[PDB]
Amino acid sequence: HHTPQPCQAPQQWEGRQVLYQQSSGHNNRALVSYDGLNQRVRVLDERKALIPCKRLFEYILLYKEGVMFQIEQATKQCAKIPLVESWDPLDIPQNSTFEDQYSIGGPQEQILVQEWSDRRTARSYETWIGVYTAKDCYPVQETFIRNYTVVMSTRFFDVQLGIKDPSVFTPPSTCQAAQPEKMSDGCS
């Protein structure tokens, strides 16, 4: 009945994430470091299971200087990928549409979250949906829609405030050399 205003989402944190992509129907787990103050992000592929072997990479997205580095985890072999997209923080735009509010879990173990979108009233057209906790405004889930169809969804877990170690945003020595082509998911 009453419509909240967007809380401010914390702009430096580390935790874990599961990124789902429509086009493959796959989930990818990863450690994540998010520094919205310096507009940089680091993502380290994680495995729960060894079941199909995949190569594992670490990504360092430095938006100020328009590059993302992909880095093979064991070998430290690199790839300099032009990152040309504009910075877009993980937060709730002041003009977001309040969609809904609900609880996850159940009585005695629960948390209220709020769902926010960019859908204009009386339009049915969404490109972005973001779910954040109601008190601390921690990020819970983020979804990108194209033609009424989900393109990717990310869930966030184990969010801790601050950056334990800013050097994670420093690419290894091998990345000046860095090639230009993006390496492949599989050992196969």
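Start at 1 and count along the sequence shown; that's the residue number.
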**OP:** Taking the mean of the C-alpha B-factors per stretch from the entry, tell me the winner out of 75-83 and 89-97.
**Re:** 75-83
Original post:
So 16-24 or 171-179, which one's hotter by mean CA B-factor in the entry?
Top reply: 171-179
Subject >> Criterion, highest CA B-factor; candidates, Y138, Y148, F144, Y59 >> reply: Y148
Subject >> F157, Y125, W128, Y34, ranked by C-alpha B-factor: the highest one >> reply: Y125
Original post:
Can you tell me which third, lowest, middle or highest, the CA B-factor of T133 falls into for its chain?
Top reply: lowest
Original post:
Split the chain's modelled residues into thirds by Cα B-factor; is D45 in the lowest, middle or highest one?
Top reply: lowest
Original post:
Ranked by Cα temperature factor within the chain, is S153 in the lowest third, the middle third or the highest third?
Top reply: lowest
Original post:
Based on the entry's values, in what third of the chain does the Cα temperature factor of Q114 lie: lowest, middle or highest?
Top reply: lowest
